[PDB]
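Trainee: Take a look at this one; I'll ask things after.
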Amino acid sequence: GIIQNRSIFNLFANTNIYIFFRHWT
Amino acid sequence: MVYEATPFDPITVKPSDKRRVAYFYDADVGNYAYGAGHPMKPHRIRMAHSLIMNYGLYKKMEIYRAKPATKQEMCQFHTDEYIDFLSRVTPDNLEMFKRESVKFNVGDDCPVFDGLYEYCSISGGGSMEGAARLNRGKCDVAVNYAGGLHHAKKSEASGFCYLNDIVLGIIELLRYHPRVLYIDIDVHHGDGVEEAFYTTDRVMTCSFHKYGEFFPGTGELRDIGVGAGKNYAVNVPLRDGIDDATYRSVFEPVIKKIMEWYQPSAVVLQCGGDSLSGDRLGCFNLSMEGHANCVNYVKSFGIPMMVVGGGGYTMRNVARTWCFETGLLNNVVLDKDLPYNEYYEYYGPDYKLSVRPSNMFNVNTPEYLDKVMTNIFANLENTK
Amino acid sequence: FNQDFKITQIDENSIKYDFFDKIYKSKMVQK
Amino acid sequence: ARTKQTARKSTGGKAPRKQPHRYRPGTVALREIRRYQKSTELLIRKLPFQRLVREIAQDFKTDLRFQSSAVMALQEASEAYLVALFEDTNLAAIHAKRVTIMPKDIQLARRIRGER
Amino acid sequence: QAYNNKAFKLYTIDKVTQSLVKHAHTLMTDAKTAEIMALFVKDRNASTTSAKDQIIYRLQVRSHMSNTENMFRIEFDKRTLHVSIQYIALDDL
Amino acid sequence: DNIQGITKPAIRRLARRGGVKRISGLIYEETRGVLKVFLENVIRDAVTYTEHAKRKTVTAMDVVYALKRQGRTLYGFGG
Amino acid sequence: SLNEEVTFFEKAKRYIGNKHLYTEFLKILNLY
Amino acid sequence: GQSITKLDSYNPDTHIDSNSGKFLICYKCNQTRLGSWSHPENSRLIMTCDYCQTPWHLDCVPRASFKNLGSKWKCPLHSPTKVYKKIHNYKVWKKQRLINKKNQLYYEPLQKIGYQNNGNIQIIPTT
Ligand SMILES: [Zn+2]
Ligand SMILES: [Zn+2]
Ligand SMILES: [Zn+2]
């Protein structure tokens, strides 16, 4: 189940990085 | 699956739909004023007309001064006592008529100015002569901005309206036409005209109005007429801030379905300028293109029509949209650069023909208008 | 006279039985 | 037949148009005699007082801004004037075998004070 | 005047950029917050990862902060730069 | 109406500081008029002084200056 | 066929949710 | 910006219950369209019934106003107090008015099935 040359990248975050990213968007 | 979200297409005239246009204007209409603090101003009529003359639109149309209506001719719809009170009341002898002031709703929100009877006579005469010229075939489009009093009723004055000239015009149309369709794009509901022709199938009254806690309160979707006039009174309730694309995608399917289902012989179009953005009492977000697209779309059907101007309480915007609508009826699109008129100082800061819409929320969701137009289309299936 | 405006104390099962009874009556009388 | 109009409305329906322990009376009063006498803060809420000055100065000269310290000077001066006048009134009352200041008690004080 | 009131959402550009700046400042200078971004750095820089790496990265992010906090799965796809954000607050516990 | 802003309980507070134990009810509205006419004397002079300095703003200095004229000096605000 | 007929009422009650709305629903079914 | 009409601005503090903090789920669509303040046109207006507090979207029940003044707004789920039926003239039925507890008698039928109640009933729990 190895996913080589991946294209979908996941960022797991708390409320701080989420609110920062929401302000960026 | 009835409402479709479509962007507002640019207004294009039809060169194969040339219409003989009759213009009804009495130079006196404007010299009448409801009051000092009052929003309704008949002065908007002559700055609209000054834009007609200075655009050179009088060379493509015939200007008429309709004979003012007498007492009886007004009594074709109203009672004798109401017209008798209207023809006799002045601001001087207001204390001599106190019972009739509250009986006929005249004195507050419909004030007594001393040119009241003459103003009503000019409006009613303009509407009736436009209908008469449509009957004899002397013109295809009759333009009369002197009237539009769609809130007036049989024995009362409401909504800054005293003589319901539109009912008189539809009455004069009914003597030669079997089916007359009345379209009201005024932001208020055409309660007087709909109430007058509620029980008849000869007149279909369609009103595109804001329906909230707004004047006159009538105009629920379930109001479809009683008796023989059942499903012959279409009410289209709208919310605040409807823009040009939304109003077009509501107006064109409903009027198209009425056209191919009711099949009228004459059309009365109430062009209330209070549907425009920035109005004192209106709450819509229509630009002048959005207001005039209704007039251009109803012009495409070829039915002999009577364009009658109604509301509009900011004089500059209603004058500009009436000039654009009148120019559209001559199969021309007026350039967005105003000519020099005597009221040029109103149209600042750009001094152009366009009425700019506000950036306020179009809260008329597609689901609500889809349900509204679905029930309207379902009620229209019985009008064949 | 307080007995004229007496509120009937009914239950869910009785409403279910009455609704079923009356729909079956209506359906088969029209049939 | 005398008649009068009160509706003041030529037409009706104007809205639908298009246009427990309890102290004896006085003990709490003397307690907050002591409270407002041992205290020095300013008893007429400020904003309301400032406004009193704007609407009343307007007459002598429009567009007259007031340094903040000024409306505080008007307050102090006004509270000093009224506490002095109210001491005198209480006296003008305790004079007439009574314990309740009344308007007359202050139309007099001001006459003897000569401020009238 | 330039945009015919269609640029009203740009009236507070200074305040929103200031709030973004403040959020970045408390983003690096908070305990149990900067190591989450360090784990994001290790996940993004080291590509060719299987699923099991993604779950252990998820619980390793979870173990950094409190048990009552909210997780967010901000998915990015190189093709199309499409950022899907998913709410898994107290869901993987 | 800004005058009615000088509220009853405030006039009661002034009476309490003044040592009054029972205030008539008709006093409250007498104290307004007396208050007004007095302020309307100081502030008048406060402004004469103001429009003598060609100043458009008034100062607390001009206020205590108008009090000195009236007679009731006020210490604590300058001068 | 039979099972849906006997199971219609309490599955409707489950779909209703609030007991006041189900009370008014039973009132509707009684008025009919 | 803030009007009793709740139509001139985006107000997301109407999908949130005040005393519970949860989301007012509309009855018909089973959703709360709160919007996102970056696409406020995606937010559907929601009102609550004035009797049973059942939240309804402005589009699920066809309504353009919020019913701010006048009569209390009634959601479609409530049983009518007045109905007209066709004789095939007509017949009308009006529900009895509420009576204070000293003059109101609640009685339990002995007959369970077919008891002709006037339509004025009370629901008891089923045991
Ligand atoms: Zn109108
Ligand atoms: Zn809904
Ligand atoms: Zn409800």
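In this analysis, Cβ positions are derived from the backbone assuming ideal geometry, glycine residues included, and neighbour counts consider all displayed protein chains. Please treat every number below as a calculation from the coordinates, not as lab data.
Trainee: Give B:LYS103/H:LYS91; B:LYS138/B:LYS352; B:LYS153/H:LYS91; C:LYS22/G:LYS11; G:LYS19/H:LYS67 a once-over and call out the pairs whose C-alpha atoms are over 27 Å from each other.
Mentor: Numbers: B:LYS103/H:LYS91 36 Å; B:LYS138/B:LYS352 34 Å; B:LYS153/H:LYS91 34 Å; C:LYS22/G:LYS11 21 Å; G:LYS19/H:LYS67 25 Å.
The answer is B:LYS103/H:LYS91; B:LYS138/B:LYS352; B:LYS153/H:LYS91.
Trainee: What FRET efficiency do you get for A:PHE9 and H:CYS29 if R0 is 30 Å and r is their Cβ-Cβ distance, rounded to the nearest 0.05?
Mentor: 0.30
Trainee: In addition: Decide, for region D:20-116, between rounded, prolate and oblate: order the square roots of the alpha carbon gyration tensor eigenvalues as a ≥ b ≥ c, take rounded if a/c falls under 1.5, and otherwise choose prolate if a/b is larger than b/c, else oblate.
Mentor: oblate
Trainee: With the Cα gyration tensor of region B:108-147 in hand, give its eigenvalues times 5 under a square root as the equivalent ellipsoid semi-axes, listed largest first in whole angstrom.
Mentor: 27, 9, 6
Trainee: Also: Kindly state, to the nearest 0.05, the FRET efficiency for E:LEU93 paired with H:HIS88, given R0 = 60 Å and r defined as their beta-carbon distance. Before the final figure, lay out the partial values.
Mentor: Working: r = 63 Å, r/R0 = 1.05.
Efficiency computed from Cβ-Cβ geometry: 0.40.
Trainee: Shape verdict for region B:21-384, please, from the Cα gyration tensor: rounded (a/c under 1.5), prolate (a/b greater than b/c) or oblate.
Mentor: On the way: a/c = 1.28, a/b = 1.07, b/c = 1.20.
Rounded shape, in that the Cα axes give a/c under 1.5.
Trainee: How high is the relative contact order of chain B, given as a whole-number percent (alpha carbon pairs under 8 Å, six or more residues apart)?
Mentor: Result for chain B is 21 percent.
Trainee: Here's another thing I want to ask about it. First check a/c for region B:139-265, with a ≥ b ≥ c the square roots of the eigenvalues of its C-alpha gyration tensor; if it is under 1.5, answer rounded, and if not, answer prolate when a/b is larger than b/c or oblate otherwise.
Mentor: Rounded.
Trainee: Can you list residues from other chains, or at least 5 along the same chain, whose modelled amide H is less than 5 Å from the amide H of H:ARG33?
Mentor: Here H:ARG44 satisfy the definition.
Trainee: As an exercise, identify the GluC sites (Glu not before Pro) in region B:281-372 lying in DSSP coil whose Cβ has no more than 11 other Cβ atoms within 10 Å.
Mentor: B:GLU342
Trainee: Among B:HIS38, H:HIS57, what is the fewest-to-most ranking by other Cβ atoms within 10 Å?
Mentor: So the ranking, lowest neighbour count to highest, is B:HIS38, H:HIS57.
Trainee: Tell me, what ³J(HN,Hα) does each residue in region F:21-38 have, in order and in whole Hz, if you take phi through Karplus 6.51 cos²θ - 1.76 cosθ + 1.60 with θ = phi - 60° and put x for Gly and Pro?
Mentor: 9, 9, 9, 4, x, 8, 6, 2, 7, 8, 6, 6, x, 5, 4, 4, 4, 5
Trainee: For peptide D:30-36, compute the average count of partner chain beta-carbon atoms within 10 Å of each residue's beta-carbon.
Mentor: 4
Trainee: Which value, in debye to the nearest 20, gives the size of the charge dipole of region F:1-77 about its Cα centre, when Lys and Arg are +1 and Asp and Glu are -1 at the Cβ?
Mentor: Roughly 380 debye, rounded to the nearest 20.
Trainee: What is the distance in Å between the Cα centroid of region B:142-197 and that of region B:57-93?
Mentor: Answer, in whole Å: 13.
Trainee: For D:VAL83, D:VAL53, what's the fewest-to-most ordering of other Cβ within 10 Å of each Cβ? Walk me through the intermediate numbers first.
Mentor: Details: D:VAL83 20, D:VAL53 24.
With the fewest neighbours first, D:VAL83, D:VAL53 line up as D:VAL83, D:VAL53.
Trainee: Then there is this: Can you work out the Karplus-derived ³J(HN,Hα) for every residue in region B:311-323? Use 6.51 cos²θ - 1.76 cosθ + 1.60 with θ = phi - 60°, whole Hz, and x for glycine or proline.
Mentor: After applying 6.51 cos²θ - 1.76 cosθ + 1.60, I find x, x, 10, 9, 5, 5, 5, 5, 5, 5, 6, 6, 5 Hz.
Trainee: Further question: Show the residues, 5+ positions off or on another chain, whose built amide H is closer than 5 Å to the amide H of B:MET306.
Mentor: Long-range HN contacts for B:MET306: B:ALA142, B:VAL267, B:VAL268, B:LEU269.
Trainee: Arrange the peptides D:88-96, E:36-44, B:298-306 so that the one whose residues have, on average, the most other Cβ atoms within 10 Å appears first.
Mentor: Most protected by this proxy first, the peptides run B:298-306, D:88-96, E:36-44.
Trainee: Using 19 Å as the Cα-Cα cut-off, could you pick out the over-long pairs in D:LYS46/F:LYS68; H:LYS6/H:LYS72; D:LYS46/F:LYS21; B:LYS210/H:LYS82?
Mentor: Distance filter (> 19 Å) returns D:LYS46/F:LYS68; D:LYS46/F:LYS21; B:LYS210/H:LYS82.
Trainee: Here's a follow-up. Answer with one residue from D:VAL28, E:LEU10, B:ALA131: the one whose Cα lies farthest towards the positive end of the charge dipole of the protein assembly as shown, charges on Cβ with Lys, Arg +1 and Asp, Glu -1.
Mentor: Selected residue: D:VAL28.
Trainee: Within chain B, what percent of beta bridges assigned by DSSP are antiparallel, to the nearest 5?
Mentor: In chain B, DSSP labels about 5 percent of beta bridges as antiparallel.
Trainee: So, one more: Can you give me the distance in nm between label points at F:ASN41 and B:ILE11, each placed 7 Å from the Cα along the Cα-to-Cβ direction?
Mentor: The answer from the label model is 7.1 nm.
Trainee: What distance in nm lies between label points placed 7 Å from Cα along the C-beta direction at C:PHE20 and H:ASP50?
Mentor: 4.0 nm
Trainee: Ok, one more. May I ask you to order D:100-106, D:27-33, G:5-11, B:106-112 by the average number of other C-beta atoms within 10 Å around their residues, highest value first?
Mentor: B:106-112, D:100-106, D:27-33, G:5-11
Trainee: So, one more: Please compute the modelled spin-label separation between B:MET1 and B:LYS154, points set 7 Å along Cα→Cβ, answer in nm with one decimal.
Mentor: Calculated label separation equals 4.5 nm.
Trainee: Amide H to amide H, which residues 5 or more places from E:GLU75 or on other chains are under 5 Å from it, using H placed in the peptide plane?
Mentor: Those qualifying (amide H under 5 Å, at least 5 residues apart or on another chain) are A:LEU11, E:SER84, E:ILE85, E:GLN86.
Trainee: Just to check I understand the Karplus step: with θ = phi - 60° and J = 6.51 cos²θ - 1.76 cosθ + 1.60, what whole-Hz values come out for region F:51-59, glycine and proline as x?
Mentor: 7, 10, 9, 6, 7, 10, 9, 8, 10
Trainee: Same structure, new question: If you rank B:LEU369, B:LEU57 by fewest surrounding Cβ atoms within 10 Å, what's the result?
Mentor: B:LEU57, B:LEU369
Trainee: Answer with one residue from H:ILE99, B:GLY312, B:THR199: the one whose Cα lies farthest towards the positive end of the charge dipole of the protein assembly as shown, charges on Cβ with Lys, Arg +1 and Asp, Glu -1.
Mentor: Positive-most Cα among the choices belongs to H:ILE99.
Trainee: For the protein assembly as shown, with equal point scatterers placed on the C-alpha atoms only and solvent neglected, what are the log10 I(q)/I(0) values from the Debye formula at q = 0.10 1/Å, to two decimals?
Mentor: Rounded to two decimals, the profile gives -1.16.
Trainee: How far is the Cα center of region D:18-91 from the Cα center of region B:11-43, in Å?
Mentor: Cα centroid to Cα centroid, the span is 62 Å.
Trainee: Among the listed pairs H:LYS74/H:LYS112; D:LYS61/F:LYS36; B:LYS154/D:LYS4; B:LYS154/D:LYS18, which have their C-alpha atoms separated by more than 23 angstrom in this model? Mind showing how you got there, number by number?
Mentor: Details: H:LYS74/H:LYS112 31 Å; D:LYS61/F:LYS36 17 Å; B:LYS154/D:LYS4 31 Å; B:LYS154/D:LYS18 18 Å.
Listed pairs above 23 Å: H:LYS74/H:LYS112; B:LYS154/D:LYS4.
Trainee: Using only DSSP helix segments of four residues or longer, with each worth -39500 (n - 2.57), what per-residue ellipticity at 222 nm results for chain B after dividing by its residue count and rounding to 500?
Mentor: Estimated from H runs of four or more residues: -10000 deg cm²/dmol.
Trainee: Which distance in Å, rounded to a whole number, links the C-alpha centroids of region E:32-93 and region B:242-311?
Mentor: One Cα centre to the other: 55 Å.
Trainee: Here's a follow-up. Compute, for region B:21-384, the length of the dipole vector about the Cα centre, with Cβ point charges of +1 (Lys, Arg) and -1 (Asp, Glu) only. Units Debye, rounded to 20.
Mentor: It comes to approximately 820 debye.
Trainee: If you don't mind, there's one more thing I want to ask. If chain F were replaced by its equivalent ellipsoid, with semi-axes equal to the square roots of 5 times the Cα gyration tensor eigenvalues, what would those be, largest first, whole Å?
Mentor: Largest first, chain F gives 29, 15, 10 Å.
Trainee: Between G:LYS11 and D:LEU47, how high is the FRET efficiency from 1/(1 + (r/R0)^6) when r is the Cβ-Cβ distance and R₀ = 51 Å? Nearest 0.05. Before the final figure, lay out the partial values.
Mentor: Values: r = 64 Å, r/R0 = 1.25.
Working from the Cβ atoms, E equals 0.20.
Trainee: Tell me which of H:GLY35, H:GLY21, H:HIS88 sits at the most positive position along the dipole axis of chain H, charges placed on C-beta atoms (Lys, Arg +1; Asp, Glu -1).
Mentor: Value computed over the given set: H:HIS88.
Trainee: What is the magnitude of the charge dipole of region D:20-116 about its Cα centre, with +1 placed on the Cβ of each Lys and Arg, -1 on the Cβ of each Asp and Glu, and no other charges, expressed in debye to the nearest 20?
Mentor: About 460 debye.
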